[PDB]
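Here the structure is laid out as structure tokens; the discussion comes afterwards.
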Amino acid sequence: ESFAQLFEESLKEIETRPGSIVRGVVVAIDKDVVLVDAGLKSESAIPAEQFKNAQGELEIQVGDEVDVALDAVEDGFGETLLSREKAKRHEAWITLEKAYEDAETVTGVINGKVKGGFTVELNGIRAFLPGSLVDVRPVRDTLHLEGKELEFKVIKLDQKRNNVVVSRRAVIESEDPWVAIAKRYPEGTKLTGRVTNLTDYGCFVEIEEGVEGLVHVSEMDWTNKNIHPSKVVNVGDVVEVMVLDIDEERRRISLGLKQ
Amino acid sequence: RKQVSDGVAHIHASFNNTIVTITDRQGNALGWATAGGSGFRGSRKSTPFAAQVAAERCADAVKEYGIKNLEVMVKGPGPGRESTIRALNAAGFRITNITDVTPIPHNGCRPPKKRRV
Amino acid sequence: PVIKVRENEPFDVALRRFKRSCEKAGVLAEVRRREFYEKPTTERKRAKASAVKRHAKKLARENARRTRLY
Amino acid sequence: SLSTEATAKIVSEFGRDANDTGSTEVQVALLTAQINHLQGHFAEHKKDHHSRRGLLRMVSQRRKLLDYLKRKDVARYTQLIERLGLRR
Amino acid sequence: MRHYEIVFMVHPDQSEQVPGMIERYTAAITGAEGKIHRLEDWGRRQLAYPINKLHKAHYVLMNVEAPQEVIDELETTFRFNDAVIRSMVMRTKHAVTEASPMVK
Amino acid sequence: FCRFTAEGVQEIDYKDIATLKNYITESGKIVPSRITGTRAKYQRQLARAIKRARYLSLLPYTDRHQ
RNA sequence: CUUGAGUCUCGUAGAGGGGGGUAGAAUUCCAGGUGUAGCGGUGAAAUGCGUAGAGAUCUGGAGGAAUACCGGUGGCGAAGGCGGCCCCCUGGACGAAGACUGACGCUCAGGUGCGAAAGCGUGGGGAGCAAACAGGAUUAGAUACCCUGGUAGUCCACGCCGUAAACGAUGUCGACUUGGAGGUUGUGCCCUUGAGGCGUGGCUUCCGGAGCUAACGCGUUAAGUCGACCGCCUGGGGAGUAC
């Protein structure tokens, strides 16, 4: 009756758009496709690679619940964007938690700087930070035992584009993209960027707060022309890339991957 | 002749023939060479190789001036564009600036009519 | 496309950079375009035709894609 | 176009209520004034054809209005044409 | 009457004469009960390209609510005056009293 | 992803040279609305501003000219 | 009487029109410097320009014409058409609310006006381009295509001409009939918590349903379902010609 109308606004009230409410129960597993049902119009074709943790093998059997993401509806048939990004929000929440007590503590282990800041990895994910953040002083973890255990003390974060440089060792110590496009500029600043869509000439890795990068086909590997970028890297994956070129005018930052 | 350390190389690259002219920084031409002059005619002189050899010839010609530094100004569309500069480099000048100086009007004069072939 | 060779920069690299700059400018293309007079009508026609082609590529092909080849 | 103040003045004079504005007579007056204004312009600028089209249209409209007035109420029309000095 | 925005560029050798010129311009505006809402000597400035062979010039911004006759007169003065290289009287909707982004 | 919609500007200013400089080429040319992602309404205004600047020698018409 | 039609208020976007200024690039020519044998052109050549110093290159000057980028199945205009920037004069469109007028409307034979390009007249101008013309090729020939030159003309003023595949090959005005993806330009609300969310108007591009259609296709911008008025067709040629 209005039973159904009320039930509709009820079901509106008991779901939200992003990957927030851990609701999809894994109702069929087959390599290489997981699939859930979070109270959406259809079931997700999940990769297996959004769900294996830190050494390669699966972690969740039938009935298990992770939220995914949304705001994109129907490409022909199907429903979602991946739950792994979901996870990013959780990471953001832990990073935010720092603010409360002015100190987020986990483990951060940063061996080296792709682009001037040691890389820190938290749980499954690994992030890149600006060069200062790795060390509190001028200590430098190059003399430290390789891939050492500390935590991360945050030095610097870019707040829009996601780059976070964190503080290893020293426990005792405690319009918008395009005007100032000189931060990752200078010749070869390495970046960690998720690829988006590979347009048979390109790969379109673009992460640093509303920009566009290409890594088109010529570098990508150490073979030139026979490569076909879909075979050689991925879809949706955070990779090794650096700038090689910026035009701040005809917004074409032309990144590379042969480095 | 007065020796000069730094100068310009003007590379007039047409569809039919490349012309390389080495000059001082002020404008006064020191030497020049062409693909047509280098012993290439018609099909041959409208090629990168021809351009390169013209460039080489030009370089040879301005040996007595003792030119070390060189800025390149590349004009027009042609094969003799990249090749010529490479040749120049080989000949052994420190290439300082590489400028493009193609005359692009901002819609000015009417071009000649389109060929019917 | 004005360029200056950086200190301890290779020649080849510089050349490549220059080429890239030129490409960006679209100087050669521009030159090609202005070689001969294009009647206004012709210009119009090309533009519209090109647009049409683009549209065809975008939508019809997308529709095709939905169905598998084998 | 006709300046706001001028328009207001025109309305006040011819319009009975002064808030009315849409009275036939008032409208006619407005048209007439505009036409008068544009005469000066068109003396200067004889090749301004596009602009003249608008003027022509306005004139036509005025004529129509006059015609309408005539059938409805003759005396009023007569008065109007005395005021404005319209030959017909 | 009509809110104009004027920017004129003086020859850099006549930079010491500029204030007087400005004053004169103001005076004329005042004469016809014209207001002058902002006035900004930008000073000596490097030109993006060398107009009339010279590389720097002295820019003056000036916003004015004046009748058009006076504007015309001003324009005429500018054209004949050899100190002022370029001018650009340019209409505006409102008074725009707040300062320019290059002054700030 | 237009800047002027977000800022919410009433009119683009030719005097605001820095802003303009983001939308102009290394070669001096005005950058397309595809690349910048500027809104159409604003784009025209921006172009106009640039043109004005060029007239006032605030921006250059081109890189080569002198 | 107020639903059609119009008037008033405030805004909005616009290559809409007319007039007058100005800017920068590029071509051409002139004067001069540097410099030395080629340049130019084509499928390949030659005519042509060059040692009387060309081409290249730099400096200065003259003058005309057009406005790169922006720029878009974008915008404006009744159509023709309209594109750097600035000012002056000026026409239309749309939206927001109200207020007013009170059928004042629609269509239109004759009539009147506007009407690309070429063309004509008189007077200016003349850089580039280029009918005609000349030479060089090509060819069996080449009164063409290609090359080197090149005059009317293109440009401005004021007149005339009154036609174009002046095309959406689709008269104008009004009403009604499933949808989707855009673009552009308003405007109301909403925590603009952000580039957004939900509407509501105008103009516009593409796809497609019913229906229609000889089919192709059209499809809320109809070529569907209807009404009002006008224009026009009646086998091909002869002929849009003769008188």
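Labels for the structure tokens follow display order: chains A, B, ..., residues from 1 in each chain, ligands from 1.
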At a cut-off of 10 Å, list the chain C residues touching chain B, using only C-alpha atoms, as a PyMOL selection string. chain C and resi 1-7+11-12+14-19+21-22+27-39
At a cut-off of 12 Å, list the chain F residues touching chain B, using only C-alpha atoms, as a PyMOL selection string. chain F and resi 27+29+61-65
Show which residues sit within 10 Å of residue 12 of chain F, as a PyMOL selection string. Count only C-alpha atoms (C1' of nucleotides), and ignore same-chain residues fewer than 4 positions away. chain F and resi 4+16+19-20+42-50
Dump N, CA and C atoms for the selected residues as a compact mmCIF listing (two decimals), in the first residue's frame?
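Dumped to again.txt:
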# COMPACT_ATOMS: atom_id res chain seq x y z
N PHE F 4 36.00 29.23 -13.30
CA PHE F 4 35.18 30.45 -13.16
C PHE F 4 33.78 30.18 -12.59
N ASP F 16 43.88 41.13 -14.73
CA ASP F 16 44.31 39.95 -13.97
C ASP F 16 45.13 39.04 -14.88
N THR F 19 46.13 35.09 -14.07
CA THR F 19 45.02 34.18 -14.34
C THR F 19 44.97 33.83 -15.83
N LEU F 20 45.09 34.88 -16.63
CA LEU F 20 45.08 34.76 -18.09
C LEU F 20 46.20 33.82 -18.56
N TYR F 42 32.09 31.36 -20.24
CA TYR F 42 33.29 31.94 -19.64
C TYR F 42 34.41 31.99 -20.64
N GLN F 43 34.52 30.96 -21.48
CA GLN F 43 35.63 30.79 -22.40
C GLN F 43 35.77 32.01 -23.31
N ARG F 44 34.63 32.40 -23.86
CA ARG F 44 34.54 33.54 -24.77
C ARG F 44 35.07 34.80 -24.09
N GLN F 45 34.58 34.98 -22.86
CA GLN F 45 34.95 36.13 -22.03
C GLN F 45 36.46 36.17 -21.83
N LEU F 46 36.99 35.01 -21.49
CA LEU F 46 38.43 34.83 -21.25
C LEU F 46 39.22 35.24 -22.47
N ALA F 47 38.75 34.75 -23.62
CA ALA F 47 39.38 35.04 -24.92
C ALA F 47 39.43 36.54 -25.16
N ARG F 48 38.29 37.17 -24.91
CA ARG F 48 38.12 38.61 -25.08
C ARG F 48 39.14 39.37 -24.23
N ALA F 49 39.23 38.93 -22.98
CA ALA F 49 40.14 39.51 -21.99
C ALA F 49 41.57 39.43 -22.50
N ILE F 50 41.91 38.25 -22.98
CA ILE F 50 43.25 37.97 -23.51
C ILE F 50 43.58 38.92 -24.65
Nearest to chain G by atom-to-atom distance, counting only C-alpha atoms (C1' of nucleotides), from E:96, E:64, E:36, E:51: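 Closest to chain G of all the choices is E:51.
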Pick out the residues sitting within 7 Å of segment 1-17 of chain B, and hand them over as a CSV table (one decimal) with N, CA and C atoms, in the first residue's frame; count only C-alpha atoms (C1' of nucleotides), and ignore anything fewer than 3 positions along from it in its own chain.
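Below is the file that was written, out.csv:
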chain,number,residue,atom,x,y,z
B,20,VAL,N,70.7,26.5,-45.9
B,20,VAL,CA,71.3,26.8,-44.6
B,20,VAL,C,72.2,28.0,-44.7
B,21,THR,N,72.0,28.9,-43.8
B,21,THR,CA,72.8,30.2,-43.8
B,21,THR,C,73.3,30.4,-42.4
B,22,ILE,N,74.6,30.4,-42.2
B,22,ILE,CA,75.2,30.7,-41.0
B,22,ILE,C,75.5,32.2,-41.0
B,23,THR,N,75.1,32.9,-39.9
B,23,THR,CA,75.3,34.3,-39.7
B,23,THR,C,75.8,34.6,-38.3
B,24,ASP,N,76.3,35.8,-38.2
B,24,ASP,CA,76.6,36.3,-36.8
B,24,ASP,C,75.3,36.6,-36.1
B,25,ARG,N,75.4,36.9,-34.8
B,25,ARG,CA,74.3,37.2,-33.9
B,25,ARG,C,73.5,38.5,-34.3
B,35,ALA,N,70.9,22.5,-50.7
B,35,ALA,CA,70.7,21.1,-51.2
B,35,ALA,C,70.9,21.1,-52.7
B,36,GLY,N,70.3,22.1,-53.4
B,36,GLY,CA,70.5,22.3,-54.8
B,36,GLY,C,71.9,22.5,-55.2
B,45,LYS,N,67.1,16.7,-54.1
B,45,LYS,CA,67.3,17.8,-53.3
B,45,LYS,C,66.2,18.2,-52.3
B,46,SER,N,65.0,17.5,-52.5
B,46,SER,CA,63.9,17.7,-51.6
B,46,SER,C,63.9,16.5,-50.5
B,65,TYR,N,85.9,31.3,-39.6
B,65,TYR,CA,85.3,32.2,-38.6
B,65,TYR,C,85.4,31.7,-37.2
B,66,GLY,N,85.6,30.4,-37.0
B,66,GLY,CA,85.9,29.8,-35.7
B,66,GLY,C,84.8,29.9,-34.8
B,67,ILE,N,83.6,29.4,-35.2
B,67,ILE,CA,82.4,29.5,-34.5
B,67,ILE,C,82.2,28.2,-33.6
B,68,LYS,N,82.0,28.4,-32.3
B,68,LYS,CA,81.8,27.3,-31.4
B,68,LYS,C,80.4,27.2,-31.0
B,69,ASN,N,79.8,28.3,-30.4
B,69,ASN,CA,78.4,28.3,-30.0
B,69,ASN,C,77.5,28.6,-31.3
B,70,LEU,N,76.3,28.1,-31.3
B,70,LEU,CA,75.4,28.3,-32.4
B,70,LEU,C,74.0,28.1,-32.0
B,71,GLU,N,73.1,29.1,-32.3
B,71,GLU,CA,71.7,29.0,-32.1
B,71,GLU,C,71.0,28.8,-33.5
B,72,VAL,N,70.1,27.8,-33.5
B,72,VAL,CA,69.4,27.5,-34.8
B,72,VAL,C,68.0,28.1,-34.9
B,73,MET,N,67.7,28.6,-36.0
B,73,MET,CA,66.4,29.1,-36.3
B,73,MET,C,65.9,28.4,-37.6
B,74,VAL,N,64.8,27.6,-37.3
B,74,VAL,CA,64.3,26.7,-38.4
B,74,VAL,C,63.0,27.3,-38.9
B,75,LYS,N,63.0,27.5,-40.3
B,75,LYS,CA,61.9,28.1,-41.0
B,75,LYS,C,61.3,27.1,-42.0
B,76,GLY,N,60.0,27.2,-42.2
B,76,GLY,CA,59.3,26.5,-43.2
B,76,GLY,C,59.1,25.0,-42.9
B,77,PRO,N,58.2,24.4,-43.7
B,77,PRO,CA,58.0,22.9,-43.7
B,77,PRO,C,58.9,22.2,-44.6
B,78,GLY,N,59.5,21.1,-44.2
B,78,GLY,CA,60.3,20.3,-45.1
B,78,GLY,C,60.9,19.1,-44.5
B,80,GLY,N,64.3,18.7,-44.7
B,80,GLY,CA,65.5,19.3,-44.1
B,80,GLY,C,65.2,20.2,-42.9
B,81,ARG,N,64.9,19.6,-41.8
B,81,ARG,CA,64.4,20.3,-40.6
B,81,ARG,C,65.1,19.8,-39.3
Strand (DSSP E) positions in segment 60-98 of chain E, given as a PyMOL selection string: chain E and resi 60-66+84-87+90-92
With a distance threshold of 12 Å and counting only C-alpha atoms (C1' of nucleotides), extract the residues of chain E near chain G and express them as a PyMOL selection string. chain E and resi 4-7+49-51+53+68-69+71-72+75-76+79+85-92
Print the selection's residues with C-alpha atoms to a file, as a compact mmCIF listing (two decimals), in the first residue's frame.
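Contents of part20.txt, freshly written:
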# COMPACT_ATOMS: atom_id res chain seq x y z
CA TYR E 4 33.97 54.22 -18.53
CA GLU E 5 37.25 52.54 -17.70
CA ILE E 6 40.37 54.09 -19.16
CA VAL E 7 43.88 52.75 -19.31
CA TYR E 49 56.14 43.49 -26.97
CA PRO E 50 57.98 46.68 -27.96
CA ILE E 51 55.42 49.25 -29.11
CA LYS E 53 60.52 50.57 -30.57
CA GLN E 68 30.27 60.86 -23.47
CA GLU E 69 31.25 64.24 -24.90
CA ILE E 71 35.15 61.02 -23.00
CA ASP E 72 35.36 61.91 -26.68
CA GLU E 75 40.19 60.45 -26.53
CA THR E 76 40.98 63.28 -28.94
CA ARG E 79 45.35 60.79 -29.91
CA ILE E 85 51.43 55.86 -26.73
CA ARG E 86 48.28 53.76 -26.31
CA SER E 87 44.93 54.36 -24.71
CA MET E 88 41.91 52.14 -24.19
CA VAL E 89 38.76 53.90 -23.06
CA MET E 90 36.42 50.99 -22.41
CA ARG E 91 32.79 51.02 -21.21
CA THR E 92 31.67 49.28 -18.02
Best match for closeness to chain D among G:165, G:147, G:5, G:65, counting only C-alpha atoms (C1' of nucleotides): G:5
